[PDB]
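Have a look at model-v6.txt below; it lists compact mmCIF, N, CA and C atoms.
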# COMPACT_ATOMS: atom_id res chain seq x y z
N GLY O 133 -63.44 -130.08 -56.02
CA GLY O 133 -64.29 -130.04 -57.20
C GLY O 133 -65.12 -128.77 -57.29
N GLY O 134 -65.23 -128.06 -56.17
CA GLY O 134 -65.99 -126.82 -56.17
C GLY O 134 -65.36 -125.75 -57.04
N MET O 135 -64.05 -125.59 -56.95
CA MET O 135 -63.35 -124.62 -57.77
C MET O 135 -62.90 -125.26 -59.08
N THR O 136 -62.64 -124.42 -60.07
CA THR O 136 -62.14 -124.86 -61.37
C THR O 136 -60.88 -124.05 -61.67
N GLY O 137 -59.75 -124.52 -61.18
CA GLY O 137 -58.49 -123.86 -61.44
C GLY O 137 -58.01 -124.09 -62.86
N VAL O 138 -56.93 -123.39 -63.20
CA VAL O 138 -56.35 -123.43 -64.53
C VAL O 138 -57.41 -123.06 -65.56
N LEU O 139 -57.81 -121.79 -65.58
CA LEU O 139 -58.80 -121.33 -66.53
C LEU O 139 -58.31 -121.49 -67.96
N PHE O 140 -57.03 -121.18 -68.20
CA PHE O 140 -56.36 -121.43 -69.47
C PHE O 140 -57.04 -120.71 -70.63
N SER O 141 -57.03 -119.38 -70.60
CA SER O 141 -57.66 -118.59 -71.65
C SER O 141 -56.96 -118.79 -72.99
N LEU O 142 -57.75 -118.78 -74.06
CA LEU O 142 -57.24 -118.94 -75.42
C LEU O 142 -57.55 -117.66 -76.19
N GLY O 143 -56.52 -116.88 -76.47
CA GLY O 143 -56.65 -115.65 -77.22
C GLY O 143 -56.00 -115.77 -78.58
N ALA O 144 -54.76 -115.30 -78.68
CA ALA O 144 -54.01 -115.39 -79.92
C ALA O 144 -53.66 -116.82 -80.30
N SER O 145 -53.86 -117.79 -79.40
CA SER O 145 -53.57 -119.18 -79.73
C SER O 145 -54.38 -119.65 -80.94
N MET O 146 -55.54 -119.04 -81.18
CA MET O 146 -56.31 -119.32 -82.38
C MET O 146 -56.24 -118.21 -83.42
N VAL O 147 -55.79 -117.02 -83.04
CA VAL O 147 -55.59 -115.95 -84.02
C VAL O 147 -54.36 -116.24 -84.87
N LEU O 148 -53.41 -117.01 -84.33
CA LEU O 148 -52.09 -117.15 -84.95
C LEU O 148 -52.19 -117.68 -86.38
N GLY O 149 -53.27 -118.39 -86.71
CA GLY O 149 -53.45 -118.81 -88.09
C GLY O 149 -53.98 -117.75 -89.03
N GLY O 150 -54.58 -116.69 -88.50
CA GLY O 150 -55.21 -115.66 -89.30
C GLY O 150 -56.55 -115.29 -88.70
N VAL O 151 -56.98 -114.06 -88.95
CA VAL O 151 -58.19 -113.52 -88.34
C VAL O 151 -59.42 -113.80 -89.18
N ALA O 152 -59.31 -113.73 -90.51
CA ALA O 152 -60.44 -114.08 -91.36
C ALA O 152 -60.77 -115.56 -91.27
N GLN O 153 -59.84 -116.39 -90.80
CA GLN O 153 -60.11 -117.82 -90.69
C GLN O 153 -61.13 -118.11 -89.59
N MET O 154 -61.18 -117.27 -88.55
CA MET O 154 -62.13 -117.48 -87.47
C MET O 154 -63.49 -116.85 -87.74
N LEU O 155 -63.65 -116.19 -88.88
CA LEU O 155 -64.96 -115.74 -89.34
C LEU O 155 -65.46 -116.52 -90.54
N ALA O 156 -64.55 -116.92 -91.43
CA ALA O 156 -64.88 -117.73 -92.60
C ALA O 156 -63.92 -118.92 -92.64
N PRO O 157 -64.41 -120.12 -92.95
CA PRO O 157 -63.57 -121.32 -92.87
C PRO O 157 -62.63 -121.54 -94.04
N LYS O 158 -62.41 -120.55 -94.91
CA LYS O 158 -61.49 -120.66 -96.04
C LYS O 158 -61.93 -121.72 -97.04
N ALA O 159 -61.17 -121.89 -98.12
CA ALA O 159 -61.50 -122.83 -99.18
C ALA O 159 -60.27 -123.66 -99.50
N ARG O 160 -60.50 -124.83 -100.09
CA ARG O 160 -59.44 -125.79 -100.38
C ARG O 160 -59.06 -125.70 -101.85
N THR O 161 -57.82 -125.31 -102.11
CA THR O 161 -57.29 -125.28 -103.46
C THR O 161 -56.94 -126.69 -103.92
N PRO O 162 -57.08 -126.98 -105.21
CA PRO O 162 -56.70 -128.30 -105.72
C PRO O 162 -55.19 -128.46 -105.76
N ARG O 163 -54.78 -129.70 -106.00
CA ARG O 163 -53.36 -130.04 -106.11
C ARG O 163 -52.91 -129.72 -107.53
N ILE O 164 -51.70 -129.17 -107.66
CA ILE O 164 -51.18 -128.80 -108.97
C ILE O 164 -50.39 -129.97 -109.55
N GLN O 165 -50.65 -130.29 -110.82
CA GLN O 165 -49.92 -131.32 -111.53
C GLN O 165 -48.86 -130.69 -112.43
N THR O 166 -48.05 -131.55 -113.05
CA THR O 166 -47.01 -131.13 -113.97
C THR O 166 -47.38 -131.40 -115.42
N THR O 167 -47.87 -132.61 -115.72
CA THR O 167 -48.32 -132.93 -117.07
C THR O 167 -49.53 -132.11 -117.48
N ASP O 168 -50.25 -131.54 -116.51
CA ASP O 168 -51.38 -130.67 -116.78
C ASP O 168 -50.91 -129.29 -117.23
N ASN O 169 -49.61 -129.01 -117.09
CA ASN O 169 -48.99 -127.72 -117.41
C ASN O 169 -49.48 -126.62 -116.47
N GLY O 170 -50.34 -125.74 -116.96
CA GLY O 170 -50.76 -124.61 -116.15
C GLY O 170 -52.26 -124.41 -116.09
N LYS O 171 -53.02 -125.41 -116.51
CA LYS O 171 -54.48 -125.34 -116.47
C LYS O 171 -54.93 -125.66 -115.05
N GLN O 172 -55.22 -124.62 -114.27
CA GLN O 172 -55.56 -124.78 -112.85
C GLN O 172 -57.05 -125.08 -112.72
N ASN O 173 -57.38 -126.36 -112.86
CA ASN O 173 -58.77 -126.79 -112.72
C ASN O 173 -59.22 -126.70 -111.27
N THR O 174 -60.49 -126.35 -111.08
CA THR O 174 -61.10 -126.26 -109.76
C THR O 174 -62.00 -127.47 -109.52
N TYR O 175 -62.74 -127.45 -108.41
CA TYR O 175 -63.62 -128.56 -108.06
C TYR O 175 -65.06 -128.39 -108.51
N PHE O 176 -65.37 -127.37 -109.31
CA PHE O 176 -66.75 -127.22 -109.77
C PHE O 176 -66.82 -126.99 -111.27
N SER O 177 -65.88 -127.55 -112.03
CA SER O 177 -65.91 -127.44 -113.48
C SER O 177 -65.38 -128.72 -114.10
N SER O 178 -65.99 -129.13 -115.21
CA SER O 178 -65.52 -130.30 -115.96
C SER O 178 -66.03 -130.17 -117.38
N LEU O 179 -65.12 -129.92 -118.32
CA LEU O 179 -65.48 -129.72 -119.72
C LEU O 179 -65.06 -130.90 -120.59
N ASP O 180 -64.88 -132.08 -119.99
CA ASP O 180 -64.49 -133.26 -120.74
C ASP O 180 -65.29 -134.46 -120.27
N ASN O 181 -65.38 -135.46 -121.14
CA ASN O 181 -66.10 -136.68 -120.80
C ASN O 181 -65.27 -137.54 -119.85
N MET O 182 -65.90 -138.00 -118.78
CA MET O 182 -65.25 -138.82 -117.78
C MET O 182 -65.73 -140.26 -117.91
N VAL O 183 -65.16 -141.13 -117.09
CA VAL O 183 -65.49 -142.55 -117.12
C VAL O 183 -66.23 -142.92 -115.84
N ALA O 184 -67.37 -143.57 -115.99
CA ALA O 184 -68.24 -143.91 -114.87
C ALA O 184 -68.00 -145.34 -114.40
N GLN O 185 -66.80 -145.59 -113.90
CA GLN O 185 -66.45 -146.88 -113.32
C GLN O 185 -66.19 -146.69 -111.83
N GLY O 186 -67.08 -147.22 -111.00
CA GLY O 186 -66.90 -147.14 -109.55
C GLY O 186 -66.72 -145.74 -109.04
N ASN O 187 -67.31 -144.76 -109.71
CA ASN O 187 -67.19 -143.36 -109.35
C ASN O 187 -68.55 -142.85 -108.89
N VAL O 188 -68.60 -141.56 -108.56
CA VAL O 188 -69.81 -140.94 -108.04
C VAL O 188 -70.47 -140.15 -109.17
N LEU O 189 -71.78 -140.01 -109.09
CA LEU O 189 -72.51 -139.29 -110.12
C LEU O 189 -72.54 -137.81 -109.78
N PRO O 190 -72.00 -136.93 -110.62
CA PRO O 190 -71.91 -135.51 -110.26
C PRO O 190 -73.28 -134.85 -110.23
N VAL O 191 -73.36 -133.73 -109.52
CA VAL O 191 -74.58 -132.93 -109.44
C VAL O 191 -74.31 -131.56 -110.04
N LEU O 192 -75.38 -130.90 -110.47
CA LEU O 192 -75.32 -129.58 -111.08
C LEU O 192 -76.31 -128.66 -110.38
N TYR O 193 -75.92 -127.40 -110.20
CA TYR O 193 -76.75 -126.46 -109.44
C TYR O 193 -77.22 -125.25 -110.23
N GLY O 194 -76.45 -124.75 -111.19
CA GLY O 194 -76.96 -123.68 -112.02
C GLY O 194 -76.10 -123.32 -113.22
N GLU O 195 -76.71 -123.28 -114.39
CA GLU O 195 -76.07 -122.86 -115.64
C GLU O 195 -74.80 -123.68 -115.86
N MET O 196 -73.76 -123.06 -116.41
CA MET O 196 -72.40 -123.59 -116.43
C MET O 196 -72.33 -124.95 -117.14
N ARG O 197 -72.44 -124.87 -118.46
CA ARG O 197 -72.25 -126.02 -119.35
C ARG O 197 -71.12 -126.93 -118.87
N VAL O 198 -71.41 -128.23 -118.81
CA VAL O 198 -70.49 -129.22 -118.27
C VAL O 198 -70.39 -130.40 -119.22
N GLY O 199 -69.40 -131.25 -118.95
CA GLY O 199 -69.24 -132.50 -119.66
C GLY O 199 -70.19 -133.55 -119.13
N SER O 200 -69.73 -134.79 -118.98
CA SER O 200 -70.58 -135.87 -118.53
C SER O 200 -69.71 -137.05 -118.12
N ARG O 201 -70.35 -138.18 -117.81
CA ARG O 201 -69.68 -139.45 -117.60
C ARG O 201 -70.26 -140.45 -118.59
N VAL O 202 -69.42 -140.95 -119.50
CA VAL O 202 -69.90 -141.80 -120.58
C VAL O 202 -70.28 -143.16 -120.02
N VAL O 203 -71.49 -143.62 -120.36
CA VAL O 203 -71.97 -144.91 -119.91
C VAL O 203 -72.01 -145.94 -121.03
N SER O 204 -72.31 -145.54 -122.27
CA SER O 204 -72.31 -146.49 -123.38
C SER O 204 -71.97 -145.77 -124.67
N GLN O 205 -70.97 -146.28 -125.38
CA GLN O 205 -70.55 -145.74 -126.67
C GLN O 205 -70.47 -146.89 -127.67
N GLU O 206 -71.12 -146.73 -128.82
CA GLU O 206 -71.24 -147.81 -129.78
C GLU O 206 -71.43 -147.22 -131.17
N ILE O 207 -70.86 -147.88 -132.17
CA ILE O 207 -71.00 -147.49 -133.57
C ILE O 207 -71.63 -148.63 -134.35
N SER O 208 -72.66 -148.32 -135.12
CA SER O 208 -73.33 -149.29 -135.98
C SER O 208 -73.45 -148.70 -137.38
N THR O 209 -73.97 -149.51 -138.30
CA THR O 209 -74.22 -149.04 -139.65
C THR O 209 -75.48 -148.19 -139.69
N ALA O 210 -75.37 -146.99 -140.25
CA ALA O 210 -76.50 -146.08 -140.32
C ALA O 210 -77.50 -146.56 -141.35
N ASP O 211 -78.61 -147.15 -140.90
CA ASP O 211 -79.63 -147.60 -141.82
C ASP O 211 -80.37 -146.41 -142.43
N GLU O 212 -80.93 -146.63 -143.62
CA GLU O 212 -81.67 -145.58 -144.31
C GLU O 212 -83.10 -145.55 -143.78
N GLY O 213 -83.52 -144.39 -143.29
CA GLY O 213 -84.87 -144.24 -142.78
C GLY O 213 -85.14 -142.87 -142.18
N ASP O 214 -86.31 -142.32 -142.46
CA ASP O 214 -86.75 -141.06 -141.88
C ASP O 214 -88.14 -141.24 -141.26
N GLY O 215 -88.70 -140.13 -140.77
CA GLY O 215 -90.03 -140.15 -140.22
C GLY O 215 -91.10 -140.07 -141.29
N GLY O 216 -91.17 -141.09 -142.13
CA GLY O 216 -92.11 -141.08 -143.24
C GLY O 216 -91.80 -142.22 -144.21
N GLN O 217 -92.21 -142.01 -145.46
CA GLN O 217 -92.02 -143.00 -146.51
C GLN O 217 -91.04 -142.55 -147.58
N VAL O 218 -90.64 -141.28 -147.58
CA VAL O 218 -89.73 -140.74 -148.59
C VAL O 218 -88.34 -141.27 -148.28
N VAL O 219 -87.89 -142.25 -149.07
CA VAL O 219 -86.64 -142.96 -148.81
C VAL O 219 -85.76 -142.98 -150.05
N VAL O 220 -85.84 -141.93 -150.87
CA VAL O 220 -85.09 -141.90 -152.11
C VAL O 220 -83.59 -141.89 -151.82
N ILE O 221 -82.86 -142.80 -152.48
CA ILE O 221 -81.40 -142.82 -152.42
C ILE O 221 -80.76 -142.54 -153.77
N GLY O 222 -81.51 -142.02 -154.73
CA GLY O 222 -80.96 -141.70 -156.04
C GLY O 222 -80.03 -140.51 -156.03
N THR T 149 -99.90 -150.79 -147.31
CA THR T 149 -98.47 -150.64 -147.51
C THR T 149 -97.83 -149.94 -146.32
N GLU T 150 -96.81 -150.58 -145.74
CA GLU T 150 -96.12 -149.99 -144.61
C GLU T 150 -95.04 -149.01 -145.06
N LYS T 151 -94.19 -149.42 -146.00
CA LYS T 151 -93.10 -148.56 -146.43
C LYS T 151 -92.77 -148.86 -147.88
N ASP T 152 -92.17 -147.88 -148.54
CA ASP T 152 -91.67 -148.04 -149.90
C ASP T 152 -90.16 -147.91 -149.91
N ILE T 153 -89.57 -148.21 -151.07
CA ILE T 153 -88.13 -148.12 -151.27
C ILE T 153 -87.88 -147.92 -152.76
N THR T 154 -86.97 -147.02 -153.10
CA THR T 154 -86.61 -146.78 -154.49
C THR T 154 -85.11 -146.55 -154.61
N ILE T 155 -84.50 -147.20 -155.59
CA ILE T 155 -83.06 -147.14 -155.81
C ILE T 155 -82.80 -146.66 -157.23
N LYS T 156 -81.89 -145.69 -157.37
CA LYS T 156 -81.51 -145.11 -158.66
C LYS T 156 -80.00 -144.88 -158.64
N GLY T 157 -79.24 -145.81 -159.21
CA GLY T 157 -77.80 -145.65 -159.29
C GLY T 157 -77.10 -146.78 -160.01
N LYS T 158 -76.17 -146.44 -160.90
CA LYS T 158 -75.47 -147.46 -161.68
C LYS T 158 -74.53 -148.26 -160.78
N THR T 159 -74.78 -149.56 -160.69
CA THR T 159 -73.91 -150.45 -159.93
C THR T 159 -74.11 -151.87 -160.44
N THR T 160 -73.02 -152.62 -160.53
CA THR T 160 -73.07 -154.02 -160.91
C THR T 160 -72.68 -154.95 -159.76
N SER T 161 -72.75 -154.47 -158.52
CA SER T 161 -72.40 -155.26 -157.36
C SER T 161 -73.65 -155.59 -156.54
N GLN T 162 -73.60 -156.73 -155.86
CA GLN T 162 -74.69 -157.17 -155.00
C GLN T 162 -74.73 -156.26 -153.78
N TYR T 163 -75.57 -155.22 -153.84
CA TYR T 163 -75.61 -154.19 -152.82
C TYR T 163 -76.81 -154.42 -151.91
N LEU T 164 -76.56 -154.51 -150.61
CA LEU T 164 -77.60 -154.80 -149.63
C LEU T 164 -77.76 -153.59 -148.71
N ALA T 165 -78.99 -153.12 -148.56
CA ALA T 165 -79.32 -152.01 -147.67
C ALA T 165 -80.28 -152.49 -146.59
N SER T 166 -80.45 -151.66 -145.57
CA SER T 166 -81.28 -152.00 -144.42
C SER T 166 -82.22 -150.86 -144.08
N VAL T 167 -83.47 -151.20 -143.78
CA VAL T 167 -84.50 -150.24 -143.38
C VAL T 167 -85.20 -150.78 -142.15
N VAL T 168 -85.34 -149.94 -141.12
CA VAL T 168 -85.93 -150.36 -139.86
C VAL T 168 -87.34 -149.81 -139.75
N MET T 169 -88.12 -150.43 -138.87
CA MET T 169 -89.49 -150.02 -138.61
C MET T 169 -89.86 -150.40 -137.19
N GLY T 170 -90.83 -149.68 -136.64
CA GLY T 170 -91.29 -149.93 -135.29
C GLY T 170 -92.49 -150.86 -135.26
N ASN T 171 -92.30 -152.07 -134.74
CA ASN T 171 -93.35 -153.09 -134.76
C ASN T 171 -94.42 -152.73 -133.73
N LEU T 172 -95.24 -151.75 -134.09
CA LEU T 172 -96.38 -151.40 -133.25
C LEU T 172 -97.39 -152.53 -133.10
N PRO T 173 -97.81 -153.23 -134.16
CA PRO T 173 -98.79 -154.30 -133.99
C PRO T 173 -98.22 -155.46 -133.19
N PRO T 174 -98.90 -155.88 -132.12
CA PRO T 174 -98.42 -157.02 -131.33
C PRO T 174 -98.91 -158.34 -131.90
N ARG T 175 -98.55 -159.45 -131.24
CA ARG T 175 -98.97 -160.81 -131.60
C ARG T 175 -98.30 -161.23 -132.90
N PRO T 176 -98.00 -162.51 -133.08
CA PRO T 176 -97.43 -162.98 -134.35
C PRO T 176 -98.25 -162.50 -135.55
N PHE T 177 -97.56 -162.08 -136.60
CA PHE T 177 -98.25 -161.54 -137.77
C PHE T 177 -97.46 -161.93 -139.01
N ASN T 178 -97.74 -161.26 -140.13
CA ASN T 178 -97.17 -161.62 -141.42
C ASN T 178 -96.53 -160.40 -142.08
N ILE T 179 -95.51 -160.67 -142.89
CA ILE T 179 -94.72 -159.63 -143.55
C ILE T 179 -94.49 -160.05 -145.00
N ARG T 180 -94.59 -159.10 -145.92
CA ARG T 180 -94.36 -159.37 -147.33
C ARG T 180 -93.66 -158.19 -147.98
N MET T 181 -93.06 -158.45 -149.14
CA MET T 181 -92.60 -157.40 -150.04
C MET T 181 -93.02 -157.73 -151.46
N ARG T 182 -93.25 -156.67 -152.23
CA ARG T 182 -93.68 -156.78 -153.62
C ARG T 182 -92.86 -155.85 -154.49
N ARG T 183 -92.43 -156.36 -155.64
CA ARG T 183 -91.67 -155.59 -156.61
C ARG T 183 -92.63 -154.88 -157.56
N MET T 184 -92.42 -153.59 -157.75
CA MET T 184 -93.25 -152.80 -158.66
C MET T 184 -92.69 -152.71 -160.07
N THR T 185 -91.38 -152.75 -160.23
CA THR T 185 -90.78 -152.72 -161.56
C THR T 185 -90.99 -154.07 -162.24
N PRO T 186 -91.57 -154.10 -163.44
CA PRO T 186 -91.79 -155.38 -164.11
C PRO T 186 -90.47 -156.07 -164.44
N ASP T 187 -90.52 -157.40 -164.50
CA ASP T 187 -89.32 -158.17 -164.80
C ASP T 187 -88.77 -157.81 -166.17
N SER T 188 -87.45 -157.75 -166.26
CA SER T 188 -86.80 -157.45 -167.53
C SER T 188 -86.99 -158.60 -168.51
N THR T 189 -87.32 -158.26 -169.75
CA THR T 189 -87.52 -159.28 -170.77
C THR T 189 -86.19 -159.73 -171.37
N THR T 190 -85.32 -158.79 -171.69
CA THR T 190 -84.03 -159.12 -172.29
C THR T 190 -83.02 -159.44 -171.20
N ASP T 191 -81.78 -159.69 -171.59
CA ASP T 191 -80.69 -159.91 -170.65
C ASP T 191 -79.90 -158.63 -170.39
N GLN T 192 -80.29 -157.52 -171.00
CA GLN T 192 -79.57 -156.26 -170.81
C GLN T 192 -79.85 -155.66 -169.44
N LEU T 193 -81.10 -155.70 -168.99
CA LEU T 193 -81.48 -155.18 -167.69
C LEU T 193 -81.35 -156.29 -166.66
N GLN T 194 -80.45 -156.11 -165.70
CA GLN T 194 -80.20 -157.10 -164.66
C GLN T 194 -80.71 -156.65 -163.30
N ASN T 195 -81.73 -155.79 -163.26
CA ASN T 195 -82.23 -155.30 -161.99
C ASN T 195 -82.98 -156.41 -161.26
N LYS T 196 -82.27 -157.16 -160.42
CA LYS T 196 -82.85 -158.23 -159.63
C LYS T 196 -82.75 -157.85 -158.16
N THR T 197 -83.85 -157.98 -157.43
CA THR T 197 -83.90 -157.70 -156.01
C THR T 197 -84.18 -158.98 -155.24
Write the structure described by the file as structure tokens, please.
Amino acid sequence: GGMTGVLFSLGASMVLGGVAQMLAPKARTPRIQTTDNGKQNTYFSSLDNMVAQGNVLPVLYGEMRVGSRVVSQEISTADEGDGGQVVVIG
Amino acid sequence: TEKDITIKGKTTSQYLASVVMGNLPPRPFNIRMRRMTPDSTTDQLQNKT
């Protein structure tokens, strides 16, 4: 137990994947679909309304106009009324 | 007077409209409406509300 044989140095065994990978951990590209055609969406953009069923609530960090997750949509009859008494319908 | 309403348009159908208000006063209270146009004397004017 005094000695520690089999030092087993690791050099190119970790370089073999690439050198910038051992300084920066790289990024994950999304999966490409077919019905989506060629619109390569990323993981930090959403310009359409989503559905909030058993999903997570997204967060925003700066600028970059985004869509939303619809929680309630309803149509009723538009009653006549303003912020006052002027209610002419002639 | 809480609110007014005025209608100006030729129609011979039973037309119903809706106006909303915010019930700021609490506790049971009373509500009324009053017609300002005098009742028609002849049968030519059928403006009934």
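Within 12 Å of the file-frame point (-80.7, -148.4, -139.8), and using only C-alpha atoms, the polymer residues found are residues 207, 208, 209, 210, 211, 212, 213 and 214 of chain O; 165, 166, 167, 168, 169 and 170 of chain T.
Every protein, DNA or RNA residue with an atom at most 8 Å from residue 197 of chain O, where only N, CA and C atoms count and chain neighbours fewer than 5 positions away do not, is listed here: residues 177, 178 and 179 of chain O.
For chain O, the residues having at least one atom no farther than 6 Å from chain T, when counting only C-alpha atoms, are residues 211, 212, 217, 219, 220, 221 and 222 of chain O.
Atom to atom, atom CA of residue 203 of chain O and atom CA of residue 191 of chain O stand 16.1 Å apart.
Counting from atom CA of residue 161 of chain T, the distance to atom CA of residue 195 of chain T is 10.9 Å.
Distance-wise, atom C of residue 176 of chain O and atom CA of residue 189 of chain O end up 13.6 Å apart.
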Could you give me, as a ChimeraX atom specification, each residue of chain O that DSSP assigns to alpha helix (DSSP H) when run on this structure's backbone? /O:144-147
Enclose segment 138-153 of chain O, meaning all of its atoms listed in the file, in a box aligned along x, y and z, pad it by 3 Å on each side, and list the centre and edge lengths in Å to one decimal, as JSON.
{"center_x": -56.6, "center_y": -118.5, "center_z": -77.3, "size_x": 15.0, "size_y": 15.9, "size_z": 34.2}
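Here the residues within chain O that DSSP labels strand (DSSP E) on the basis of the backbone are residues 181, 182, 183, 200, 201 and 202 of chain O.
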